[PDB]
Structures are given as structure tokens and as C-alpha cells.
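For reference, the structure discussed in these notes is given below.
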Amino acid sequence: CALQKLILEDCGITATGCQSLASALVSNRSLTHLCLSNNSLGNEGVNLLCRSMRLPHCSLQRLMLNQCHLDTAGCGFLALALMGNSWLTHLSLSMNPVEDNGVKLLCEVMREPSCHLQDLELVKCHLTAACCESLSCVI
Amino acid sequence: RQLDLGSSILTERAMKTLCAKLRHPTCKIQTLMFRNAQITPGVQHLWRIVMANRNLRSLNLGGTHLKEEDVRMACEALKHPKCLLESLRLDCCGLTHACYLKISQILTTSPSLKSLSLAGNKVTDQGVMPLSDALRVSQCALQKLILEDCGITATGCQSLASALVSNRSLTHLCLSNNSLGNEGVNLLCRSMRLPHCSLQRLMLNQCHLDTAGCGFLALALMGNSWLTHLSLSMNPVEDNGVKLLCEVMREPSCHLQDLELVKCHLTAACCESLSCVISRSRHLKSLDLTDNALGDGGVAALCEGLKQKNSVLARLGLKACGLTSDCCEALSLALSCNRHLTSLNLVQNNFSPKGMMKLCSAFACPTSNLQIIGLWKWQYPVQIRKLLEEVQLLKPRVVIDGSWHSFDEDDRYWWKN
Amino acid sequence: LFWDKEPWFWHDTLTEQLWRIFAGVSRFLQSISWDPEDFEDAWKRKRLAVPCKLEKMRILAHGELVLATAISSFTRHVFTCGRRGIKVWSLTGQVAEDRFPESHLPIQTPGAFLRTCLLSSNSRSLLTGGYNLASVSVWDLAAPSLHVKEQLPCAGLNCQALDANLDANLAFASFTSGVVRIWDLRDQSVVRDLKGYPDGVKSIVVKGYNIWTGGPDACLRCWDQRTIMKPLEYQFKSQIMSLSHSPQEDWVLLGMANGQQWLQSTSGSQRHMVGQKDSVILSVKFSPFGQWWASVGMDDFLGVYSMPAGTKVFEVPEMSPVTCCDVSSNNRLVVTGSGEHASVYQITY
Amino acid sequence: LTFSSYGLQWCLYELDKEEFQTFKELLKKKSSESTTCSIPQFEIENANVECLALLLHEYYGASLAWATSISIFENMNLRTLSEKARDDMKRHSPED
């Protein structure tokens, strides 16, 4: 396989699709972009992607998850995976009911030197002043 | 060796006379206890013996009232080079800031004292900072510390974080019934992420934790191999927090052995995760799940976990989980299959007579070797009582006592208090 | 006693051996402990803890069916009630089983019985009444000799439940003719009278300015002394056997004679299940500190339950059906009565 | 004088050690807020149950001491002992 980009908008995939795609991702070493928009993957799908990305040979650079009904739990999973990995460079979690706590977790993982995240766009995450203070320290 | 006073109204002359006969070097008593007694007028007399006698090892006070002069006398008595006292316990003495300062100074100066407990004292962050400053120095010889109902806040948490990163001697720490919250959990976690930390047991009960605190602790748990015990009881840590901890603990590098959590609002999903952990992990040796509505699905999941021959789980704790007949049948089958489980516990449940028959039959199998079982005999009809007595006749080593915490090691409950 | 293969004391062995020699031919049961210091129960690792233990410590033989039981703790006695009279026991001595009461209280009148009894919360008075009787009598327990001090007149009426309230000096009664009366111990003159329900009210409980009653019709009603307004009716599915009101909070606990228990709150009409059993409940009693309640039924079992949610801690078996129970004020002792015997248990936590 | 104090001591001898300390603290707070009659703090701290009841009667007064103790009992969430105290006061306090 020689794929570099893949757009799957409004496909309505489930956790089983998460497992299939994540195993395929782990086996493969050519993919670099992946967009999974408007799908109710949920925190369990986030967990399967987290595990499949925990390996140090993973070399995908960009992934996005818009309108997946996320919460603080999936944010904790993403924070856990992100640590110790320096290849994934772009991410996004938009229009999700993440709270102050999820942003604090992401800041805590990202605040260390070893993190290589470069872009992060978030819209409508019910933020407040505390998130601003944490992001100020991170910046 | 051991002397105690279950209750008493001692006169000053009485305590003077008692202490007079204990300053003699021929005495050999190791421990003491005065927690329930009322000995306030003669407490000052207690210090001369600890200064003089050499074989005294422990000293327990409690509920008494201590004045500044008394604490100064305690400091001076501890400051004698000849003392070998290796434990102290002050409780509800209602100390003052200067008292904490003096205690910190003696801690940094006294080499013998290897423990200290302050439960019920009003020790605000202004009482936490001097102790942390004493801990920072490299001579401190403390190894345990208890702080109950002190009501510390985030500032105390960051003071302790700095002390811990600086310090390299302390091993046991208990901060229970304090309103730390997610911020304090995060501060301690940050201090603990370093590879040179040397803490082995920490417990945080009634700390107002939540999902976020569990996420922070799980995050700081990865990349550590010294901490061996943990306990987060009576906090509304939902299924998701336990799921995060299980995800962290599923790795082969973790060295966590004991984990207890009570009254956490658990369900079947956490049970699926924990069954996975038990089947896979190779260092977990204990577990507790009380007052949780685990139900038939949860017990079935844990049973599918313990059926495996690889598991090395030693003791399991079930109680007030709302069980029934089918789940007891499944548990009996699992206990028939397993060979490493030794301890167990089942109380505050509703077993039907058929279920109890199943459980006794399973306990009968030669393969299983359970050295403790938690059940009430008299709560059943005569048929069941004679059946359980018959089971007791085979394997005379088996013990069936409803009140658990029997044959449990002394350290587990002596450390906490 | 019966539960063990044989009950034995420490001096029993020596006495038996000496007797055998003279004629030429745990294991050791314990006695109750009264002082509070000697309990010496360590903190789990005046109180609101939920109990976690039981053990029988005596049996009381009455000789005939037992209808009502009461236990005083300020004084150690116990009171049993039967169709022909009342017997007063004691708990101070140490014996496996008792046969010699402390006093007998007989009634001589053709076709005269007793059916109910009730003790005052101060342990100073004892209401007694029954069928075809002249009046409801009150006994003066504080005096150096039992004797009736007052009489409450009633003609051609049978009393099936009693109650009292010592703060305002009010004594209550319920009769099989669906009539609930009142009195005053200062003058002994009927103050009011509530009627209109021929089915009647089997149980009545008094607290403050309300009077809750229930009967076979499967309804609970509330009356207020100050006014003469009509009662507030609640609808249930089965009959009601007994009631008890929490001393701490606002709840009313009852048994529905179909193995169900429900809680009712005065402020608003709220209910929820707190237990289920295959038998029929015949009594329910509330602890002095409102953290747990006991329930004695017909399927030879004594149960203890937890107030916050209704989960059951444990239960004990018996041989004969039970019909009464009573929890001491210390919160330690619980008495029960079945068949022709009245046994005593102890609670340790 | 002694007759009522006897019942009061018997009321305060059902109190546990921690309950006794809490009662002493509440009484100290009440006294400090009070300016009509002042009670030394060291005497309160050094006194036992019998001395506590006798002094509470001595400074405050029979009926007033009973009322204060009943109120504090209610504050500590001790209902039953309060009712016992009220009844024993009804039976011990002479008519006035």
C-alpha cells in the first residue's frame, strides 16, 4: 500500500471499525494522514486508537477527530498515548464537550520537552479562565 | 513486654509512682499505650522514662492535652544522645505553631526517631512548611508519617512536593480525610514522576478526588518502579478512572502489588477491565471491592479472570456487593479451578440454600487450598451448619470465621495507624 | 441455648464433677456485660454504626402463648404478656434457662383477658387492657409494690392497640369498633374521639401533633389534635401490620403482609422499596438512633436491616414463628417472642 | 441544691471522652461570648464530669444550667439524652 491521505467524512463507523483500522495502522508503515469526521467513535474507539499508536514504530503524522462525542476520558487516553511519542505532529478535537480537566491533562503531557505536537485547534470546548492560565504556562 | 491501660482515671501521684518503677534499667517492656486512659495531670512524668530507659522501643499517646512547656520537655528528652526510641504517636494534643517548629527541629536533629504521627491536630499549611523545610535537609532520618484530619490545602501539597524531590529517606506517607483535590493530586504526581523518588506506600482517602485526579495519578504512574502500594477509597472515582488505572497497569514494567478501593460507585465494565488485568498482570497480589454494586455480571467477569492458571492473585475482597445463586455457582466453579488464591471474604450477601450447598461442595475439592474463608455459620439452618462443619473436618487447616482481618499480617494495619 | 449442642458455664464443670464424686457413680457460654467501658470493641479499620454481630444469651419460659413483649434497660427487667396475665422476669442473674419469674400479675374476671401492653419511655408506667374488661389500667412501676394507680373508663369496648406521649400527658387507645380515644392522666377525662371507619385501625403511632393509623383497608391516615380537619389518605396495595416512626428524620416504616417494606415521608408523598421476603411480616421496630431497624416475621427468621438504603446485614433462624420484638434503649439488647418462650440476644459492634 | 446536681451529674456521666471534650469546647465558646457571668478557662479544662456539673450549677443556676445543658445536648445531635435530662429536671427541679 502506498497511501498518504484518506478522507472518510460522515461514514458512521463504530468501535469495531476502530479496532480494524487501528490494527491495519499498526501493521502498515506508509500512511501519514487520516481524517475520521462526524463519527461516534467514542471513548472506547479512542482507547483502541491510543493502544495502536502507543508503539514506537508508528509513523503517522496527522490525525483528526471532529464530532466524536468525546469527553474527559478520551482526553486522558490521548494524553497518555501522546507521552513518549515524537512523530505525531498534528491533531485536533473540535466541537466536543471536553472540559477544563481534559485541557489540563493535555497541557500536563505537552509541557515537557520531549513532546513534539505542533498544531492544536479546538472550538467550542466549554473553556474558562483556568484553561487560559494553563495554556499561558505552556506557551 | 507490652503494657496497656484499656481505661483509667489516674491521679498525679499514681502516675508518678508508676513511672518511678519504670526508670529502673532492669525493665524490659517494649510497647506502651495510653490512648483511652485519662492521664493528663501526670503526662510530664512520662518523658523521664523514655530519656532514661534503653529498651523502650515504642510510645503511644492520644486524646491528652499538651502545653508548650511539655513539648519543649519532650524535645529535650528526645535530644539526649542515649535514647533509642524508634516510634512516637501524638494525637489530638492541640499543639501550637511553635510546637510544630520544635518538633521539626528535633526531627532534623534526633537520629533515633524513625516515625511520627499527627492525627486530629489542626496543622495548617503554616504547620506543613516548617516540617517540609526540616525534611529538605539530607540528615533527616524519618521513614513514616501520618497526617489525619489536618485539613491541608494546595500550598501544603506543593511544599511536600518540593520536600519529596529534595529528600531521599522517607518511605511511608498517609494523607487521609484532607480536601486536597485534583490540584494537590497533580502537584504530588509531578513531584513523583522523577526516577529517584523512594516512596513505597501512599494512601489518600476521602480526598475529594474525581476522574481528573485518577488521570493524573495514572499518568505519573507510568515510568516508575518503586511505589508498590496505593489506596484510593471513598472517592467518587467512576468506571472511567479505574479504566485509566487498568490501562496503565496492563504494562509489564509496572510494579504495583496491592490496590484497594472501597465505595467508588463501580459496575460491570470496571470488572471486565480488572479481569483482563488479573489474567494478564504478574505482580498484583491483592484487591478489594466493597459496597460496590458489582452484581452478577461483575462477579462473572472476575470469575472468568480467576479461572486462568496463570493468575497469581493472593487475596480477594467481596462484601455488600448484592450477590445471588447463579453468581455463587460461577464463583464456586472458579474456586474449584484456581490454585493460587488463598484468602477470601463473603458477607452481607443473600445466598440461597442451593447456592450454599454449591459453595461448600466447591470448598471440598482437593485441588483448592483456601486457608481463610469469611462466613457466618449461625446465620443458616442446621443442615448448612453441619455441612460446613463436615467441610471443616477435612483440611483441618481451613478456617471459617465471619470476621475477616484474621491471620492478616500486622504491618498492613499497624502502619496506617 | 438450643443452637449449641449443649450450653455450659465455667463453674458447671466443677459442680458436675463434685456431684459425680459424691454420688459415687468458643466453648464456655458468657454472661451479659452492662458497663460501657468493658465492651472494648476496637475501631473498625452516642454512635451511629451499623451492628455486625448477634448471639443468644438466655431463654424465658412463660407457659402459654405470648402476645406482647417489652424490655427496660434503665432497670434490667422484661415483661411478657399472655391471655391470662403478665409475668415479670429479670436478667441480672446467670442461668441457661429461667423458670421462676419476678412477679405475677393476674386478673380475676369471667371472660376477661389481656391482648396488649406498653411501657413508658421513662420506665415508670405500664398500660394494660383487653377484651370484656372494665377499664384500661396503668401500673406504677416506680413504687415498692406493684399496684394500679389509675383507671381509664371504657364500657362495652375492646382495645386492640395502645400508645402514650409523656411530654403533653396524653394516653391513646384504639378499639375494634373503629374508635380512637384520648385521655389525660391528670384528670382521666376523654378529651376527644375519632371515628367513622368500622374496619378500624390495628396500629397507631403518636409523634408531635399527628396520629398515624392503618388497618385492613390498606390505607394510612393522619390526624391532628389542634383542629378537627379531615385526614390525609394514602393508598397502598396490601394490609398493614405495624408502624414505627424514625426519631431522627421524617420517615414512617411499615410492613405490608406480603414481604414488602415502604417508607413514607410526612413532607411529601414519596415511597421506595427497602426489602423483599417470601413470608409475611408481623412486626417492625426502629432503633433508638434511627440507623437500623429490626423485623420479625412468620417464616421463622429474625432480620436486621440498614437505614440508608435497606440492605440486610444478617438474620438468625428459629424453630417457631415469631410475633413480637423490642429493641432496648441502649441499642444493644433485642428481645423476641415465639411460641411459649421469650429469648434474649446481644448486639456487638 | 445537691438533689438537682445529682441528676445532672448522672446526665453528664453518659458522655464519652471525645463527647465530653466537645461539650467542654462548646461551653467555653458560650461562656466567652457571655459577659454577664465569666467562667475561667483553665478551671473548665481541668475539671471532670462531677466538678463540671457542680460548677455549672454554681455559676449559672439550677434551671438555667439545665437549660444550657439541654441546648448543648441538642447541638451535639444528642436527642435521647436531652429528653432524659428534661424529664429528670421535671422530676428534680422544685416548683417556682
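The count begins at 1 with the first shown residue.
Every residue, even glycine, has its Cβ placed from backbone N, Cα and C.
So that you can see what the record holds, here are the features copied from Swiss-Prot:
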REPEAT    B:26-49  repeat 'LRR 4'
REPEAT    B:53-80  repeat 'LRR 5'
REPEAT    B:82-109  repeat 'LRR 6'
REPEAT    B:110-133  repeat 'LRR 7'
REPEAT    B:167-190  repeat 'LRR 8'
REPEAT    B:196-219  repeat 'LRR 9'
REPEAT    B:224-251  repeat 'LRR 10'
REPEAT    B:253-276  repeat 'LRR 11'
REPEAT    B:281-309  repeat 'LRR 12'
REPEAT    B:338-359  repeat 'LRR 13'
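Counted with DSSP, the repeat 'LRR 5' (B:53-80) comes out as 11 helix, 0 strand, 17 coil.
Same-chain residues lying 6+ beyond the ends of the repeat 'LRR 12' (B:281-309) with a Cβ under 8 Å from its Cβ atoms: 249-250, 252, 254-268, 270-272, 274-275, 315-324, 326-327, 330-331, 333-335, 337-339, 341.
The repeat 'LRR 4' (B:26-49): residue composition by secondary structure is 10 helix, 2 strand, 12 coil, according to DSSP. Tertiary proximity for the repeat 'LRR 7' (B:110-133) is limited to same-chain residues at least six positions away from its ends with a CB under 8 Å from its CB atoms, namely 78-79, 83-95, 97, 100-101, 103-104, 139, 141-153, 155-156, 159-160, 162-163, 417. Summarised by DSSP class, the composition of the repeat 'LRR 6' (B:82-109) is 13 helix, 2 strand, 13 coil. Per DSSP, the secondary structure of the repeat 'LRR 12' (B:281-309) breaks down as 12 helix, 3 strand, 14 coil. For the repeat 'LRR 13' (B:338-359), the number of residues in each DSSP class (helix H, G, I; strand E, B; coil) is 7 helix, 0 strand, 15 coil.
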